[PDB]
Each structure stands twice: as C-alpha cells, then as structure tokens.
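Participant: Sequence first, structure after, both from an experimental entry:
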Amino acid sequence: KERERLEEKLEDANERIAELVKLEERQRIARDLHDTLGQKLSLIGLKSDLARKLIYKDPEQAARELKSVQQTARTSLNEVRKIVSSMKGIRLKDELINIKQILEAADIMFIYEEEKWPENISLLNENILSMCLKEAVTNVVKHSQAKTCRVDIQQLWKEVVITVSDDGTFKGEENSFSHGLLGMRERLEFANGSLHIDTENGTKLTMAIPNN
Amino acid sequence: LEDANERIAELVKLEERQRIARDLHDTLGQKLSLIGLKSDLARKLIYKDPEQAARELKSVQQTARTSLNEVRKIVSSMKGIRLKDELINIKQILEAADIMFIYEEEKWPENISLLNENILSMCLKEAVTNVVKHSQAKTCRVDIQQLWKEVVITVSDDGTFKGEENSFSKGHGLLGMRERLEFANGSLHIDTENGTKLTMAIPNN
Ligand SMILES: Nc1ncnc2c1ncn2[C@@H]1O[C@H](COP(=O)(O)OP(=O)(O)CP(=O)(O)O)[C@@H](O)[C@H]1O
Ligand SMILES: Nc1ncnc2c1ncn2[C@@H]1O[C@H](COP(=O)(O)OP(=O)(O)CP(=O)(O)O)[C@@H](O)[C@H]1O
Ligand SMILES: [Mg+2]
Ligand SMILES: [Mg+2]
C-alpha cells in the first residue's frame, strides 16, 4: 500500500548513492593507473613507431628498441598481476584452510566435514562470507575460551549458510553489539542475507546469504 | 551514523572494486598480452620479413595508445586533480628550498572550470618561485578556499620583499599574474607589510 510505494522510493535513493560512490571509486584508481601504466604505455607507443621507421634505415637500432618494448609490456602486465590480486578476493576454500591453521595453533579442535558445498555463488558473496567467517573465528579464539568448535557450510534452499559454534562461554554483556559484530550484521544484511546468534551453550553464529 | 554510513560506503566500494579488477584483467590483459606477442614476433621478422614486421608494429601502437584512452577520458573529466599536482609540486620545491610549508586542506574546490584550475596552478607556481627567489623567508603559509562563488589562493612568506617600489616590470611573473587573473575576471593583490602576501582570486566558473 503506502508501505510499498515508500519502499520503492527508499530503493531508488539507495541506488542513487550507489552509482555515486562507485564513481568516486572508479576514480582513486584512475589516478594511480594513469601515472604508472600511462607513462609506460605511451613509451610503448613511441618505441613501436620508431622501430617501424628504423626497420630499414637501421635494423640494428630497430631491434634494440623492440627489446625495450617487450620488456615494458611484460612488466606492466606484472603491475596488474600485483593489482588484480587486490579485491580479486579470497575463496572460502582458502579461508577454511586459514582458519584450520588458526584454530590448531589456538589450541582448539576444528570440527568439519565438507557438506553440500557451494557452486555458482557470486565471487563477491564468497569474499564477504570469507570475511565474517575469519572474524567469527577470531572472536572465538578471543573470548569464548572454548576447546572445540564445530563448523558447517551448506547450500540450503537458494541461500548459503555457514554455521560456527563454540563450546566456551560468551564473555559479552547483554548488548556488546558495539566491532566485527555490528560489522558482520551490517554486511550480510546489505547482501540481503542475515546474521543470527545464540549464547545458550557457549556461542552460535548463523550466517546466511543469497546464492542460487 | 559514524559507521552504518562509511561501512556501507567501503562495501559498495569493494563491490565494484572487485568488478573493476575483473574488468582490468579482462580488457588490458587480453590487450597487453597481445602487445607482448606482436612485439616479439616483430623482432623475429625484422629481417626475415621487415614488411610483416612493420605491419605488426602498426597494430601494436594502435593498442598501446588505445588502452590509455579509456582510463584517460575519466581523468580529463575529474576535477581538483590540477591543484593536487601543484601542491605536490610546490611542497617538494619548498622542502628542497629549506622552507617550512604551512597547509591544511581548507574548503577545497569542486566544479571549478578546468581552465581556471590551470591558471591558478600557474600563478601559484610563480608565486612560490618568487618567494624562493627573493623573500629568503624560512616559513610560508598557504590556503586555498572556496569563498562563495569565487575561489581564492593566499600565499604568504615571512621573508623580506626585496622589490623596489614599482618592480612590476612586464614579462615578469607579476605583471604576468595580474594580467592573467584579471583577464579571467578575477583579481590579484599584494602586501609588503610583513614579508610578502599574495591574494589570488578568480571566479568559481
Ligand atoms: N565466540 C565468542 N566466544 C566468546 N565471546 C565472544 C565470542 N564472540 C564475541 N564475544 C564477545 O562479545 C563481545 C563483542 O565482540 P566483537 O566481535 O564486537 O569484538 P571483539 O571482542 O571480537 C574484538 P574485534 O571487534 O576487534 O574483533 C566481546 O566483548 C567478546 O568477548
Ligand atoms: N616573494 C618575493 N619576495 C621578495 N622579492 C620579490 C618577491 N617577488 C618579487 N620580488 C621582487 O620583485 C621583482 C619582480 O619579480 P618577478 O617574479 O616579477 O620577476 P623575476 O625576477 O622572478 C624573473 P621571471 O620573469 O622569471 O619571473 C624581482 O626582481 C624581485 O626583486
Ligand atoms: Mg570481533
Ligand atoms: Mg618571477
């Protein structure tokens, strides 16, 4: 009714700030890129050209020039190797490993068995999920003081679900949502999924997100 | 707001930043590897077949020039870039001059014409040079504010103004500076009271 009309409106303004902030982003990069890969790539222009001119007039210098070109091609693509490494993102496969290591070295038993694991989930969600995960684990090896920790990750419905439970005690007060907690929620929620918790026996984190 | 705000910020930031890396690799990858290949192949045929070699290098120049342009168009549109470069340029010159550079980004510019940005850059650089030329001051305050419609640099130095009473000789950056701001319908003023003080103004647009 009235509530539907005013949600449509609320979505329109969200999106509007979206496009704007994404733009400002396109930019930080515009400066870095231009600097580096721009001087270099203009130089590639010039040596290309100059090489073509000297092919006959002087095939020696021509060659030497092409040597320098290939050099700068390669290293430039190397710069973007160093660049799409960033925000390329971690895949859970990797985050699970990381955490198995952190839990072992925490003095804690890591309970797992690969259960109905994920396919054709957006790479992005994979990053977020990776994050919340790492944070949850840290919280546990920070306060729970549990000695064992169960975890499963399943493709339920059209929605993916991690669950991370620890036998320790939840050291938090009644409203310590002050911190990777508010962080976690804020996140999943923005991805239109959910985060839930139970301090019944130790601490239990259910993260959910849309997949299929 | 402290965090709902700039947390959802930094998250759409990362949303599209992953998208942006997939586009780098996609576009400039394919392209730049192809540049590798044609470079190489060109070197091989320089003699065996200098014709094909040339043709290959033509296609190379095309691509190298082309890749920069997509990024470049965004850069031309973007504002505040000229001033930032100038600040970096002058901070360096002042440091290396033996001089303290006083600054704090104060109500800095948005949607000023790119042109005015260049002019202002200029007068600025010239002002600085004059200081590190004659003022022999040891510290130098500078601010750049968006005052109402009009933008204003102010560049002050504690040294002494070595100039005579009417040192505004043409072809010197003084007559040059005025000539300029004034042609842009803004203004230039100075005070030799304590050291030297330059107020540049111009229209924001
Ligand atoms: N798995 C767990 N076991 C026991 N206590 C936990 C827990 N997860 C969170 N807590 C408690 O809840 C409170 C809030 O945690 P939150 O995640 O906001 O910050 P933190 O203490 O984990 C450090 P950071 O915010 O840097 O990760 C903490 O005071 C912590 O002791
Ligand atoms: N900030 C400053 N401090 C002290 N003296 C200054 C000054 N700016 C200018 N002057 C004096 O006024 C004169 C005019 O300076 P101006 O910058 O107009 O010409 P210039 O001597 O720098 C050569 P150019 O043509 O390269 O600018 C200078 O010769 C100098 O003696
Ligand atoms: Mg935490
Ligand atoms: Mg001068």
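Facilitator: That came through, no problem. Numbering: from 1, shown residues only, chains lettered A, B, ... in the order given. Ligands and ions are numbered 1, 2, ... in the order given.
Participant: in stretch A:89-98, what counts as buried?
Facilitator: The neighbour-count check on stretch A:89-98 (16 or more other CB atoms under 10 Å in any protein chain shown) flags A:89-90, A:92, A:95-96 as buried. Quick note: C-beta positions are derived from backbone N, CA and C, even for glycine.
Participant: how about a markdown table for these, with secondary structure and distance to residue A:118 added?
Facilitator: Listed next are the buried residues of stretch A:89-98 as a markdown table, based on DSSP: H, G, I helix; E, B strand; the rest coil; distance: CB to CB, whole Å:
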| residue | secondary structure | distance to residue A:118 |
| --- | --- | --- |
| A:89 | coil | 14 |
| A:90 | coil | 14 |
| A:92 | helix | 7 |
| A:95 | helix | 12 |
| A:96 | helix | 11 |
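Participant: Check which helices and strands the helix ranked longest in chain A sits against.
Facilitator: If each helix of chain A is counted by residues according to DSSP state H, the longest one is helix A:2-33. Counting by 3 or more CB pairs under 8 Å, 6 or more residues apart in numbering or on different chains; DSSP states H and E, the packing neighbours recorded for helix A:2-33 are helix B:4-24, helix B:50-77.
Participant: out of those helices, which comes closest to ligand 4?
Facilitator: Taking CB to the ion as the measure, those were each checked against ligand 4, and helix B:50-77 came out nearest at 29.9 Å.
Participant: Looking from ligand 2, tell me which residue of chain A is nearest.
Facilitator: Taking CB to the nearest ligand atom, ligand 2 has its nearest neighbour within chain A at residue A:39, 28.3 Å off.
Participant: who's sitting farthest from the centroid in chain A?
Facilitator: Among the residues of chain A, the one whose C-alpha is farthest from the average of all C-alpha positions is residue A:57, by CA atoms, centre = their mean at 53.1 Å.
Participant: Give me the nearest residue to the residue nearest the centre of chain A, chain neighbours excluded.
Facilitator: In chain A, the residue lying closest to the centroid (CA atoms, centre = their mean) is residue A:127, at 3.4 Å. Counting by CB to CB, 6 or more residues apart in numbering or on different chains, residue A:127 lies nearest to residue A:89, which is 4.0 Å off, once chain neighbours are set aside.
Participant: is it true that the one you found touches residue A:130?
Facilitator: Yes. In this structure, residue A:89 is within contact of residue A:130 by CB atoms under 8 Å, at 7.3 Å.
Participant: List the residues that contact residue A:69.
Facilitator: When contacts are counted by CB atoms under 8 Å, 6 or more residues apart in numbering or on different chains, residue A:69 touches A:44, A:47-48, A:51, B:39, B:60.
Participant: Now with 10 Å, please.
Facilitator: Residues in contact with residue A:69 (CB atoms under 10 Å, 6 or more residues apart in numbering or on different chains) are A:43-48, A:50-51, B:35-36, B:38-40, B:42-43, B:57, B:60, B:64.
Participant: just residue A:38 next, same as before
Facilitator: Taking CB under 10 Å, 6+ apart as the criterion, residue A:38 is in contact with A:32, B:67-68, B:71-72, B:75.
Participant: Near residue A:125, how many residues? Count them for me, please.
Facilitator: 19 (other CB atoms under 10 Å in any protein chain shown).
Participant: ok, now how distant is it from ligand 1?
Facilitator: Distance of residue A:125 to ligand 1, computed by CB to the nearest ligand atom, to the nearest Å: 21 Å.
Participant: Can you give me every residue that contacts the nearest residue to that residue once chain neighbours are set aside?
Facilitator: Excluding the flanking residues, the one nearest residue A:125 by CB to CB, 6+ apart is residue A:209, at 5.3 Å. If a contact means CB under 10 Å, 6+ apart, then residue A:209 has A:121-122, A:124-126, A:128-129, A:132, A:159-162, A:187-189, A:191-195 as its contacts.
Participant: in stretch A:117-133, what's buried?
Facilitator: By neighbour count, and taking 16+ other CB under 10 Å as the criterion, the buried residues in stretch A:117-133 are A:118, A:121, A:124-133.
Participant: Could you write out the alpha-carbon coordinates of that stretch in CSV?
Facilitator: Taking only C-alpha atoms (Å, rounded to 0.1, in the frame of the first residue of the first chain), the coordinates of stretch A:117-133 have been written out as CSV:
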residue,chain,number,x,y,z
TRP,A,117,29.4,-27.3,-0.5
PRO,A,118,28.8,-24.3,-2.9
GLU,A,119,28.5,-23.9,-6.6
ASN,A,120,27.9,-20.9,-8.8
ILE,A,121,27.8,-18.5,-5.9
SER,A,122,28.9,-14.9,-6.8
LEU,A,123,32.5,-14.3,-6.2
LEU,A,124,31.6,-11.3,-4.2
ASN,A,125,29.4,-13.1,-1.7
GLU,A,126,32.4,-15.6,-1.4
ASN,A,127,34.5,-12.7,-0.2
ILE,A,128,32.0,-11.4,2.3
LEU,A,129,31.3,-14.8,3.7
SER,A,130,35.1,-15.3,3.9
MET,A,131,35.3,-12.2,6.0
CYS,A,132,32.5,-12.7,8.5
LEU,A,133,34.0,-16.2,8.9
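Participant: quick one: that stretch to chain centroid distance?
Facilitator: Shown here is stretch A:117-133, whose average C-alpha point lies 8 Å from the average C-alpha point of the whole chain (CA atoms, centre = their mean, to the nearest Å).
Participant: Spell out whether it and ligand 3 are in contact.
Facilitator: No. On the criterion CB under 5 Å from the ion, stretch A:117-133 is out of touch with ligand 3, staying 10.4 Å away.
Participant: quick revisit: contact partners for the residue of chain A closest to ligand 2?
Facilitator: For residue A:39, the contacting residues are A:72, B:68, taking CB under 10 Å, 6+ apart as the criterion.
Participant: How about residue A:161?
Facilitator: With contacts taken as CB under 10 Å, 6+ apart, residue A:161 has the following neighbours: A:116, A:129, A:152-155, A:193-194, A:206-209, A:211.
Participant: Now the buried members of the residues you listed.
Facilitator: Among the contacts of residue A:161, the ones that count as buried by 16+ other CB under 10 Å are A:129, A:152-153, A:155, A:193, A:207-209, A:211.
Participant: ok, back up a step: farthest-apart pair in the buried residues of stretch A:89-98, please.
Facilitator: Every pair in the buried residues of stretch A:89-98 was compared (CB to CB); the two farthest apart turn out to be A:89 and A:96, at 14.6 Å.
Participant: Before I go, just wanted to say thanks for your time.
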